[PDB]
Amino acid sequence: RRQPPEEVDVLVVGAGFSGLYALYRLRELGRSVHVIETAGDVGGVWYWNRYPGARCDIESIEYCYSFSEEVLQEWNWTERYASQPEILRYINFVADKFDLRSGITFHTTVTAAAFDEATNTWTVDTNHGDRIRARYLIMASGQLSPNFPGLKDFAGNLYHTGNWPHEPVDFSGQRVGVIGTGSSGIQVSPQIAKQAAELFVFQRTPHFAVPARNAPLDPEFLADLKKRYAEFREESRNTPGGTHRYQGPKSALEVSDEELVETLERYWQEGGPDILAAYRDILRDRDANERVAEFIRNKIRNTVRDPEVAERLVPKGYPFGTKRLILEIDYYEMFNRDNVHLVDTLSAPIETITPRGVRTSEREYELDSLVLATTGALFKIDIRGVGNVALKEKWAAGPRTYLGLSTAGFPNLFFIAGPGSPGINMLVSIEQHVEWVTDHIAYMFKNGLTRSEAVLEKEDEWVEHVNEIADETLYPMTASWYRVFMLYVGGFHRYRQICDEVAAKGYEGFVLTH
C-alpha cells in the first residue's frame, strides 16, 4: 500500500474517471497532487460494478476521454455501447500510459476533512488513521459510489451489483432473486436468466426502458472518426447533452397519430436514448410527455406475451425521461421465459428476508442466491468548514452550491460531477469540471492567493436560478431530485458558458484571499 504524503498541494478523493483526470492535469500544471481511493484499483463505478451485463448507456465514441490525442488514436472501441470490462480496460490503459498509480493510495477511505482557517489548508483523515494536509480538496467521489429486515439471516449467497465479486458467479441450476429493477437490475437480470433454474425479479416501481440495439462498431467508421476526432468532440461540447443527438424541432402534440408512431418507431428500431429528443417538448409539456410515454407503454404490452405480467411492467404515474433513461437488452423479452417470474412488491411488499429466501405479505420465496441491484459519498465524510459547520447539516435540504463546484463556508473545496450534473454524457461534463477546477487552482498559485470560497449571495442566486430553469420542465415532478432541486437542466453547452464567463471575470462569485 502506497503511503499518502503528509503535505500536498491538492488532495483528490476518488480514482474514477474524474479523479484520474484531476491527478493527470494537476501534474501537468506543476502541482503536487495525490489521490485517496477506497477501491483496490482505478475505475470508480467501472471497478465496483462487475456484474454480468454491466454496460454504459452512452455510445463508446462519446463516453471516453478527449484530453489525450494519443489515447484517442490508440484505443479501439468494439461496440456501440461498451461493456464494463472494456471500459475498465480503457481506464487501466490510461492509468498505465500516464503513470497515474504512483500518485494514488488505494484501499483507503476518507472519513473526515476540516478546514484550518489559520493556515488556509484542509486536514484530511482516513479510516487507516492517515492525516494529510492539503491546500485544496477535490471531491471526485462520484454521485453513484439497503435496509431489508432479516438480511443477515439469509442462508444462501448474497450479492450486490455495486460490489460484485471479481471472480464470475455461476448461477447454473440455482433459484435466484434479484431485488431492484433500475439500470443494474435491468442489465443483470437477463444474464442470470440464462443460467438460473428459476429467477424471481422483485420489482417495486417499474421504470421506463428502451432497447439499446447494441451492435459491433464498424472499424472503417471508427478509422474515419479518428482523423476528425477533435472536431467531433467539440461538436459534442456544443450540445445540451454533451453528445451527438438530433434535436427534434416539432412538438409531440402537432403531429398525427400515424406520424408519431412512425417517428417514434424509427427511434425504437435504431435504439439508444436519443428518443428523449424526438420532439422538442417531451420534457416540458405533460401532454406531450404522456403521448410519447403511452407509445412506450404499448411496446411493453406488445413484447410481453402474458397481458397480466405486461401491465405490471408498464410504468404509470410519473413522466417519461425525468429519471435517467435506461437502455435494456432483452429485458422485456426475459419475462416470456418459463423460468422467469415478476414479483410485484407494490401489491405484496417484502416483510423480511428469511434464511430460505424472501417473504412478502403473500408468499415465501425459496432462493439459493439473492442479488441486490442497488450526496451519498460526501455524507459519509465528516467535512467541516468555517466555524466547524458540517457540510451534511448545510446540505440537509439538498446541496447548496455556486455552479455546483463549491459551497460557501467551505473554502478550497471543489466537487467534480456532484451537484448541477449538467450533461447526460458525464465524460464531457467531467472533463469540463476538472479543467475548470484545476485551472482555478493554477490561477490561485500564479497570483499568490491561498484561499478560495464561494460568495454566499452568489450561491443563493445560483440556487434560485437552478430552481427557475427546472420549472420550465417536468423534472421537478419526480422527487428523485429533491426544497433544493439538485440538477442544472439548462444543458451542458450553456453550463459551460456560465463557468467560462465566471473564470474570465476574475472568478466572479468567489472570494480570493491570502
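All residue numbers are counted from 1 along the displayed sequence.
J.: Would you mind checking whether any residues of the deposited sequence sit unmodelled between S145 and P146, and how many (none, 1 to 3, 4 to 9, 10 or more)?
T.: According to the record, 4 to 9 deposited residues lack coordinates from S145 to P146.
J.: In terms of residues present in the deposited sequence but not modelled, what lies between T374 and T375: none, 1 to 3, 4 to 9, or 10 or more?
T.: In the deposited sequence, 4 to 9 residues between these two have no coordinates.
J.: If you average the CA temperature factors over each stretch, which comes out higher, 417-425 or 242-250?
T.: Higher of the two, by average CA B-factor, is 417-425.
J.: With respect to the recorded C-alpha B factors, which stretch has the higher mean value, 20-28 or 492-500?
T.: The stretch with the larger average C-alpha B-factor is 492-500.
J.: If you check the C-alpha B-factor for each of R213, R135, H341, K323 in the entry, which is highest?
T.: Across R213, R135, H341, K323, the entry lists the biggest C-alpha B-factor for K323.
J.: Whose C-alpha has the highest temperature factor in the PDB entry: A155, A197, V389, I186?
T.: Comparing C-alpha B-factors across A155, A197, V389, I186, the maximum falls on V389.
J.: Split into thirds by Cα B-factor across the chain's modelled residues, where does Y65 land: lowest, middle or highest?
T.: Ranked within chain, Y65 CA B lands in the lowest tercile.
J.: Mind checking which third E220 falls in for C-alpha B-factor across the chain?
T.: Ranked within chain, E220 CA B lands in the highest tercile.
J.: Which third of the chain does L327 land in by C-alpha B-factor: lowest, middle or highest?
T.: CA B-factor rank for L327: middle third.
J.: How does the C-alpha B factor of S256 compare with the rest of the chain: lowest, middle or highest third?
T.: Ranked within chain, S256 CA B lands in the highest tercile.
J.: State the tercile, meaning the lowest, middle or highest third, of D41 with respect to the CA B-factors recorded for its chain.
T.: For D41, whose C-alpha B-factor we compare with every modelled residue in the chain, the answer is the lowest third.
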